[PDB]
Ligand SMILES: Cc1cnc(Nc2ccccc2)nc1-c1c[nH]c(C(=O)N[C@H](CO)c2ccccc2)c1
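Heads up, the chain below is alone and in the form deposited without the named molecule; it's given as structure tokens.
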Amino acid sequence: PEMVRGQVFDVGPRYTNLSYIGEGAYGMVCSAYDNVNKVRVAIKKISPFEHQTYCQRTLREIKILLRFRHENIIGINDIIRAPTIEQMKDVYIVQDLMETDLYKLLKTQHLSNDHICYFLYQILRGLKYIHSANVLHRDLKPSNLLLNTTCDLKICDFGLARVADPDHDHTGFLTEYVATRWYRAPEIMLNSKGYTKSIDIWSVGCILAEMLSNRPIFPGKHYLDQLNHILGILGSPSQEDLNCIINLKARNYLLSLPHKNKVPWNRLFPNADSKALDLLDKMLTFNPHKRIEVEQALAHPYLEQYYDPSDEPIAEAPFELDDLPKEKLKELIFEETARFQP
């Protein structure tokens, strides 16, 4: 079998000419030549079968990416594994090769207003489809937005995704959370489990802010510091907003803080398009109930040159892994990948 840096990368015969790219969640990522469709592709090696949680995240994300079909969401081209459960020790996921991601791009490249507008349009177009399927991504950030050499953007990394569940969103103060800190909405730290669509819109708002200045807007160094970054910019929440927080620990925390005034967006981003800042404001709204939705963001004047609802498709149909032992998860991963076998 093919070796890359002393580890087996066993993807042939169809995929040859391997180059190391980096590291994903449960293994090595490589590029390779697809000898069928005469193009280079990306291949991730996944080795999750030892851990219940690796299995859960792997199954969830295979299920979601196989069900989804959208220009702005990464697809699965092929899946390589052993013919039997007994011999299956890893899984290889084949995907379109994307040159870069918005993270890498932002640490070296200034974005034109036209690039920012186009990227935001594609992010929201993809998110419209995701939300239309009753799915929350829950980990949107620059590194999860892949881009090719013509700036086609595709959302990836559905490992933390969930089916929306707004009726069961509520929780106590400072309840632990797994998704990436800088992109977490304020309510996550106060009273929210992240089971509502507004969680994703906050993340997109943070990404928009980051595209305007090439720096994260809220670089919290730890769980609570993240909330204090947000409030340093949005200012103290209104009485009316506080009234929607019933949890006393959460509300009393906010009440204990010195009054902070809002930093105006045009002072923070003096070269930004004024329509961009209007949309940013509506995405980075403190109160999740008043935060703009994906479809309304698409309809905002900033995106007017791209908006076309007839060309912004929804999922044909909307979308219990929690208790399943790893043994049953491996078996479901086996079944779920069966369509790619010879």
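Between two forms, the rigid core is the largest collection of C-alphas that superpose within 1.5 Å. Each residue number is its position in the shown sequence, starting from 1.
- Structural divergence in 7 other deposited structures of this protein between 308-316 and 48-56: following superposition by the core, 48-56 has C-alpha atoms lying farther from the shown form.
- Larger root-mean-square CA separation from the shown form, computed after a rigid core fit of the structures in 7 other deposited structures of this protein, is seen for 243-251 when 243-251 is set against 97-105.
- The deposited sequence places no unmodelled residues between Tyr20 and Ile21, so the chain runs continuously there.
- Here 126-134 and 234-242 are compared by their mean Cα B-factor, and 234-242 comes out higher.
- Per the PDB record, of the two stretches 190-198 and 171-179, 171-179 carries the greater mean B-factor over its C-alpha atoms.
- When the C-alpha B-factors of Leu298, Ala276, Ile292, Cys55 are ranked from the entry, the top spot goes to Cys55.
- Residue-level inspection of the entry shows that, of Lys38, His70, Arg67, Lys282, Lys38 has the top Cα B-factor.
- The deposited CA B-factor of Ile43 belongs to the middle third of values across its chain.
- Split the chain's modelled residues into thirds by C-alpha temperature factor. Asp311 is in the lowest one.
- Ranked by Cα temperature factor within the chain, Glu99 sits in the highest third according to the deposited record.
- Per the deposited record, the Cα B-factor of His115 falls in the lowest third when ranked against the other modelled residues of its chain.
- When the CA B factors of the chain's modelled residues are split into thirds, the value for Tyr223 lands in the highest one.
Keep in mind that the form deposited with the named molecule bound is not shown, yet the notes after this line are about it.
- This form has no room for the named molecule: after superposition of the C-alphas round the site, using its pose in the bound PDB entry, 3 or more of its atoms sit within 2.4 Å of a backbone or C-beta atom.
- Just one of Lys45, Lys282, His70, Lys63 comes within 4.5 Å of the named molecule in the bound PDB entry, counting any heavy atom, and that one is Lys45.
- Checked against the named molecule in the bound PDB entry, the candidates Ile230, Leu254, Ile80, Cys156 yield a single residue with a heavy atom inside 4.5 Å, and that residue is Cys156.
- Picking from 82-90, 123-131, 219-227, 141-149 the stretch near the named molecule in the bound PDB entry, with a 4.5 Å limit on heavy atoms, gives 141-149.
- When the named molecule is considered in the bound PDB entry, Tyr26 lines it closely, a heavy atom lying within 4.5 Å.
- Although the partner is absent here, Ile21 sits close enough that one of its heavy atoms falls within 4.5 Å of the named molecule in the bound PDB entry.
- In the bound PDB entry, none of the heavy atoms of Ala250 sits within 4.5 Å of a heavy atom of the named molecule.
- In the bound PDB entry, the named molecule stays beyond 4.5 Å of every heavy atom belonging to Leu234.
- If you take 69-107 and check each residue for a heavy atom within 4.5 Å of the named molecule in the bound PDB entry, you get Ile74, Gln95, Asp96, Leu97, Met98, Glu99, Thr100, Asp101, in sequence order.
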